[PDB]
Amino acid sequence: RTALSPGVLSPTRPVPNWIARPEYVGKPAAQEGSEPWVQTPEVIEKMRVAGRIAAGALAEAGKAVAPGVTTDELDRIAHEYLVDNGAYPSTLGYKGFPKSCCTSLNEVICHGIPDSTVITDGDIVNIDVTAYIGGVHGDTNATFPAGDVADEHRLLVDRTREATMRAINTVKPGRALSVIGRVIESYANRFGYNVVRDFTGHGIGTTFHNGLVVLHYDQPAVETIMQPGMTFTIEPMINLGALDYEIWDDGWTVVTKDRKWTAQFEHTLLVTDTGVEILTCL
């Protein structure tokens, strides 16, 4: 299959006007970056509802992954599940992003835009979906195989999933945050993969990316200690080839320079009083 090129973007999907928009919608920037890392009990409970709903939207768009389907079509299914459940799609109008999820085929690392692109047999596609409901966000993504995927690509997907889950199972209060990126990177390196450094996980709460940064590679200079009530994502991008990338002129789509494929999984995590809870399960 040849290297991807930009497809054609369908017009802005509407969302019912009664659904509250995040503040950043239709503005050039978002007011985020300086919010508290530890959330209130109320915000946490609200994030469980946002997380469930984004998990539902993700599993529904993933069902439609099949040779012949377009990315635009995955967006539509995800959009429709968020809206039917009262959530705003956080990606929509975030810094000018035009769709309700990111769709990231094969050599696209992240931030791909749903479009006329038709999925072909053997492809892998990441769907990344975020829900905003009750003044809070819930963020989750996953890579789905399309028909008959080559063994090297199934293993990549399976091992990216496993890295992500291993990292999550280390989350506990009083443990250093740098532990996550140690675990992910050892695991990736074990099988010859390379972890994307330039994109990271993030704190998330009443804002989308609240200023907390979770590195997916080994960086022990970070002194952040996990505390009960902290909410963040773990979202590692793992490459078969080299880490160098380019961005499309749409300004969002990141693609591996060598055009080798790449995969990603994401959950939204709560640090509990003794451990972790995954907020983006069905």
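Start at 1 with the first residue shown and count on from there.
The mean Cα B-factor in the deposited entry runs higher for 61-69 than for the other of 61-69 and 223-231. The question of which stretch, 111-119 or 170-178, has the higher mean Cα B factor is settled in favour of 111-119. Based on the entry's C-alpha B-factors, the most elevated value among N239, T253, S34, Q39 belongs to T253.
Across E185, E162, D198, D128, the greatest Cα temperature factor reported in the deposited entry is at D198. Sort the chain's modelled residues by C-alpha temperature factor and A30 lands in the middle third, per the entry. The entry lists a Cα temperature factor for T262 that places it in the middle third of the chain's modelled residues. Split the chain's modelled residues into thirds by C-alpha temperature factor. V149 is in the highest one. Ranked by C-alpha B-factor against the other modelled residues of its chain, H209 falls in the lowest third.
When the CA B factors of the chain's modelled residues are split into thirds, the value for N17 lands in the highest one.
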